[PDB]
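Working notes, structure below.
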Amino acid sequence: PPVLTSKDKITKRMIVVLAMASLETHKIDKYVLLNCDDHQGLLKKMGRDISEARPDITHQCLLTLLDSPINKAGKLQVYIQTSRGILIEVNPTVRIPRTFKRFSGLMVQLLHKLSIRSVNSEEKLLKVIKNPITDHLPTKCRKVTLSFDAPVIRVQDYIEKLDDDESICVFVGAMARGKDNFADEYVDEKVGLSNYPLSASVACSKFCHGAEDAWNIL
Amino acid sequence: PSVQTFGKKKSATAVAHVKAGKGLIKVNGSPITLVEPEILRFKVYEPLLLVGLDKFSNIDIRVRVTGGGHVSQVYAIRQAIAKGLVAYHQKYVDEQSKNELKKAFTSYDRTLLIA
Amino acid sequence: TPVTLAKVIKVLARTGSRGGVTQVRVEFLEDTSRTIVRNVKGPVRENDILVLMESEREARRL
Amino acid sequence: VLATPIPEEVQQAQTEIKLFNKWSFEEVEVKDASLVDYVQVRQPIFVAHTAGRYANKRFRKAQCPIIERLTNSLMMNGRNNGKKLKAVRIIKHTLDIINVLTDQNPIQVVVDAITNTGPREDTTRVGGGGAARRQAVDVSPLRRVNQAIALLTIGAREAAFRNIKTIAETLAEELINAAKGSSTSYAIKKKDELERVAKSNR
RNA sequence: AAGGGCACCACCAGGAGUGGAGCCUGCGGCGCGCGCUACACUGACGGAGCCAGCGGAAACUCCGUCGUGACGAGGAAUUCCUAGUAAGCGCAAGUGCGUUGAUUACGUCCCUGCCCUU
């Protein structure tokens, strides 16, 4: 089961980009991720970043995606895209840390070193890469933005319409609120998935489920 | 009854004697099939093939070179063989033969006559 | 696709535009009757092929 | 005969037609109006190693044989700068590989790839009002040619990187796939996407 | 406010990078700049071919052998740039020289600046 990366420009696959992700280190003399639990005090004092500190959402989404069959089947890769404009590629075989405390440690280290390397292997597990995301994407790739205010779709149907050699890239806002335009400049359209507002993770399961159904994944 | 010219490129030069004879073509004391950047080779056949290889029946072309890179010599001696040949026809054969060779070369390239 | 080729008549001498893009009056080359104002991206002088798909578009300062 | 031999395959092919390395220029037509006058296949040449100067005036570069234009674009990423002799070799080989894989004039094959590669409507970065929106411009025939050559060489070069192939090969691959159109070619895929994008900005 | 202009410390279209590693070296302080060496097959090794200029050079070419077996090609930022030039290459001299040799620009006032005149 060949591991999918940006280097491969041909394979048909599903890509999720967790746009607008809240990852930021915090000094204190030790480092941690800026996050609404520890730093709601500080954030308010400064009078900003009100919910600009939700790295947990990213964490949730990641577990949700990598834990998914479509990932296990090797038909999915993920990318991150930080509020501050940092882009990350996520090796699909990475067993991301289960808890947020351990997640934080590792994201703090990834951000400072720009990559996370397997202790025995020379392929990275996470890698900071250069914008724009559209260089690293497959050549024939449909690009959409998930949005509550966009026309609702059935993902299974939305997917069966894709050319047999055409990938699908979905941008999810990994955040608590905000305009869904974090990607207007790249996408072909925006779609809704439910008549109910969803959380990023749920949008993500919903979409994986759908691809899993349509691409025959159990 | 000789005439001579010379051709130039970047930092090389080539001198070409023309005098009438049995019809051979020489570079540094070597026949011309052995000039060895090997892919630019036909590039020096070009003053032969743009004219027709009957003109080279009665004449003889001694050529020797100095200096420059290993492209410079080839450009040099194609220029020098062209100017030498038109020189020979100009001085010992009719003016109009000189005109046909001149316009015939000039339509193909311009480097052959002006360095 | 009903692709239609055109020929430039007049690149404009005084304009107003964003840099890079220039407006061109085109003669239509199937008939001589139609003339359009269009927008080109690359550097363009007179008398050449233009590939057209959308056939009117009547564009303006961009 | 003259005092210093000069071979048969030389004497012949040469003075008769003025073939390529040894391919005929006559009978290759620019299967696309517009783009003629810009794809230069009408003044024939033995090697793609012209020592001319196409930089002084704005469009002189069109009078440059498209073959040699292709071969110049080959010579890049810093390590390959100035290495035309290499390029000329690569080009020669490619042509052969192309002809083995379809008879044809591989130079016709080259022309076509350049012919059916250029975009029709490229997108400019209009103002937008902050969250910028691209606007559907048409593109010039010189750019069409320019960009094509660009695409196919960046294709071959970067196309077949860590693998078991030679640029000559991967250039034949990229030129053959594009000289027909069958979504197997990184330049065709790219053109069709630049264009799909344009119909979106209309 | 108006009309002209000029400019990659502007824009329109690219190249080469710098900002990543260790080390060398200068500067600060008690982080910053110039560099050197690096992470193969468009290669390496062996023959062989064999060409400069300033004061039988290397890259390179051909024929063979080998056969994919800290740093894994550099974050946010950001510099300079229009032909024998850029880059590559080596050479003499205490900065010069030649060899190989390009892609892109030669456009505009949309933007940021400045200049002119009103």
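Shown for chain A, in order and in Swiss-Prot numbering: 28-55, 63-252.
Including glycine, each Cβ sits where the backbone N, Cα and C put it.
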Please pick, from A:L160, A:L171, A:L180, the residue that Swiss-Prot records in the S-adenosyl-L-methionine site together with A:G207, A:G212, A:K213, A:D214, A:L227, A:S228, A:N229, A:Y230, A:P231, A:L232. A:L180
C-beta crowding around A:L232 (S-adenosyl-L-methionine binding site), within 10 angstroms: 16
A:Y230 (S-adenosyl-L-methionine binding site), Cβ-centred 10 Å count of other Cβ atoms over all protein chains shown, is 8
Around A:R136 (site 'Interaction with substrate rRNA'), how many other C-beta atoms are within 10 angstroms of its C-beta? 12
Binding residues A:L180, A:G207, A:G212, A:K213, A:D214, A:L227, A:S228, A:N229, A:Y230, A:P231, A:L232 (S-adenosyl-L-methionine) - maximum C-alpha distance in whole Å: 18
Once near-sequence residues are set aside, which residues in the chain of A:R132 (site 'Interaction with substrate rRNA'), 6 or more away, have Cβ atoms under 8 Å from its Cβ? A:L97
Using C-alpha atoms only, work out the spacing between A:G212 (S-adenosyl-L-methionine binding site) and A:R88 (site 'Interaction with substrate rRNA') and round it to an integer in Å. 13
Report, in whole Å, the straight Cα-to-Cα distance of A:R88 (site 'Interaction with substrate rRNA') from A:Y230 (S-adenosyl-L-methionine binding site). 21
